[PDB]
Every structure is written in C-alpha cells, then in structure tokens.
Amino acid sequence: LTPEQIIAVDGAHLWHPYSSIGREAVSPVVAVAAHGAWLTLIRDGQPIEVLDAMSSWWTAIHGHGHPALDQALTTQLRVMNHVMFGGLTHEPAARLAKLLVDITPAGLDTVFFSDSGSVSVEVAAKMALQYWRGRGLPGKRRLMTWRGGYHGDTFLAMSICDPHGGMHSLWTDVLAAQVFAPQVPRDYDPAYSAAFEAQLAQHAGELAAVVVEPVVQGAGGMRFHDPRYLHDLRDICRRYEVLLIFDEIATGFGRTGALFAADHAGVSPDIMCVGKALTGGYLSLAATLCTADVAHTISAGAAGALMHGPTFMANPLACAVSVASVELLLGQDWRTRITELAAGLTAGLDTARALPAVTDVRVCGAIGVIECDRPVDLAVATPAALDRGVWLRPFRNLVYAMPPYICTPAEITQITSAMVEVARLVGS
C-alpha cells in the first residue's frame, strides 16, 4: 500500500487510541520505518527522518532495530515461536523470570507473565484479593490509591485511575468504588503521610492493597513526588496489614534514574507490575511479581491456585527479546547513561522556564516535562515538532519526552529544542 492508500484504509476502518471514528481533528501520520532513535514518517508525500522523543510511549529504551534485540528475536524464531504454558515450560520464560527476580526490589520471588500492562494490573489485584481470601479475610477486597494515577484501561484498572480529572472519569457509575487519598505533592510533607495513614486506618478492614505508581505518575500528569513517601507507604501498609503494590509499568528499567523507581526509596512492595520497556518495545509483554509469602498463601487457599492464565502466557518470542533487552541494559553503565540524559534534558529545557505559557519545567532521569498554562493544541504542536525533526506527542497541558537511552547529546538537544519551540507556540 502507498501512504495515500494507508491513510484511506485507516480513516475508514481503524480505531486509534482514545479517539473517534470519522471525527478526528487530524489524520494520523504514516510511519514507514524505524531505526535506532529515528522514525521515518511521510509528510506531504515525502519521507522525513524524525527523533522518537516519546520512545513510542516509553517502550523503545534501546531504540528501534537494535542488532542485539533483532537477533534475539530471529534466534528464538528459528527454534520455537510459541507453546502453551499449561503443563509446559521453556528457556525464555525461565531466563526472564530469573533475571526479573534478581533485579527487582528484594523479596519479589515469583513471576506471572501476561500480555499487557492493564492485564498485569488486574493480575496484581487478583493476587491481593486471593491472598486475603487465603487468610480467611474476604472482606479485604477494596483498593486504595492517591489521585493523579493511571493503571490502564481494563475495568478494574480503570477503578484506580484518577476519578475527577483522569481519562476514565465518565465511567465512575459502573466501576468498583475504590479509596482515594488526595494528590501526592512533589515535595515531602509529613502531614500528607499522616493524613494518608488516618484515611487508610478507617478502611483497613476492607482494604486488600494500596496501589501506586512510585516516584513518577505518568499518564495521569507526568508528576514527580519525593521518594520518602514510598517509605511511608511501606511502613503504613506493614502496620495496618494492607498489601503494597507498585505499578512500575512506566517507571521500570532505568527510566527514572534508578533501575526501578522503588529503588529511590529502598522499598520493596508485596506485588509489582512491569511492562512497556520490558521488551525494549518490540512486542507486548508484561509481568506481575509477588513475594513468596503472597504466592504461598494463595497456593494454600481454598482455590489452591491463582485463578488467571492468558492464552499466550509467557510467549517465547516476547520473552526472548525481553531477555536480550534486560541483558543489554544491565551489561552497560546505564546509571551514568541516564544521568547524562537527565543533565541533557535539564540543560536543554532550562530556557522554557522563561516562556509566557510555561508554568513548570521538570526532569526526573530520562523524563523531561514542560508544563503549560493551557491544553496543548496538537494541530499546532505536531507540525511544529516535525518541522524541527522530532516526533512529539503532547497530552493535556504537557509537552514532554522520554527519549531512547541511545540518544546522543546532540539528539537530546534537538529534542529539547523542539520542545521549547512547541512551548513558545503555545503562548503565541
């Protein structure tokens, strides 16, 4: 198909994320290639090279078409595409589980593979519910979180999305009613943790788990909070016997400057979700990890098993590329790489602070954010960024980037320059 033909088919038959059919303000742009940190897009019938500043929604940590990941895939493809995980096991699943259990916060000893982040969140909730049922306490079945969060689009996942301002707001009426603490602030305030404890205390007998994104809240507003809050959550959850779940689907694999965001606080959750960058952005895969204690309690319960099992569970292809992606990350000095990236983003975005429409500029590891004083118009922002050789996808009032770790200093500055110019257009 030609780019024109692709556009015609797409307009007629393809639903896009959080979109309409036939009522799109803009057509999507045709992507024809991706190599390293660069995408080849079609603009006015002509191919153009642009930087993947979003890492394809925080997935492409090693860039696209990395030789190590490409070959990990083709090697596995030669041997075994897929087998059912019921009654069978395999090397890619075992290699990946071993890696994950070793590199995640201490105590996370068991791994349940699934095919997406949302599902891995549903699995985490199921683990928590079955845990308490295994303890003879089925009343512990609600979840508690703080505002500003996002955990996916399946119905249970939706129930812990930010209620007033989050994308799932119109659905309250049919969702499970969960417990919400106020928005966690950026700076550490002991009063916030005290209020969190007081609220949790009154629901403790009906709460299975606290579920949060640690340090960085992604899709709910690219907000950062002091890691000390995670220390407080761990303590509160311990004392009130509520499980603690960290959703690291966006924060995992070095993105915030530590291997996992929980590491900023030295905290171990009882249950943890990973996804996105897990596969280096080649294929959909996610994982839910839990402690031996959680695993044993579920396994000793009336169910005698965790009642979940997706068709493509532990897909060899996805696992094999993930093994390669994780090994590639661990085999380099990733901490220095992310520190250099963060410094690059900080230096490059500094000028944005002075712009009339900019309310905040913030950086955390390989995450750069310009917060504007109004919703960003994509019809203006998209071409402006493309004009400067960068693919940016603002959302709400945020112009932000989570670049591939392989971006050179020059490429980071190109990205931040495009961000600043988008922000300039917002205010003019």
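Note that the rigid core is defined as the largest set of C-alphas that superpose within 1.5 Å between two forms. All residue numbers are counted from 1 along the displayed sequence.
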Between 156 to 164 and 106 to 114, the one whose CA atoms sit farther away in 7 other deposited structures of this protein (rigid core aligned): 156 to 164
Other compared entries missing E411, a third or more: no
Entries skipping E24: at least a third of other ones: yes
Segment of higher mean CA temperature factor, 205 to 213 or 168 to 176: 168 to 176
Entry-level comparison of average CA B-factors, 257 to 265 and 187 to 195, reporting the higher stretch: 187 to 195
Member of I61, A33, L386, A37 with the greatest C-alpha B factor (per the PDB record): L386
Member of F312, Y131, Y240, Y282 with the greatest C-alpha B factor (per the PDB record): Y240
Cα B factor band for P404 (lowest, middle or highest third within the chain): lowest
Ranked against its chain, the third holding the CA B-factor of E371: middle
Third of chain Cα B-factors occupied by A357: highest
Where the record places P316 (Cα B-factor, split into thirds across the chain): lowest
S56 - Cα temperature factor, lowest/middle/highest third of chain: lowest
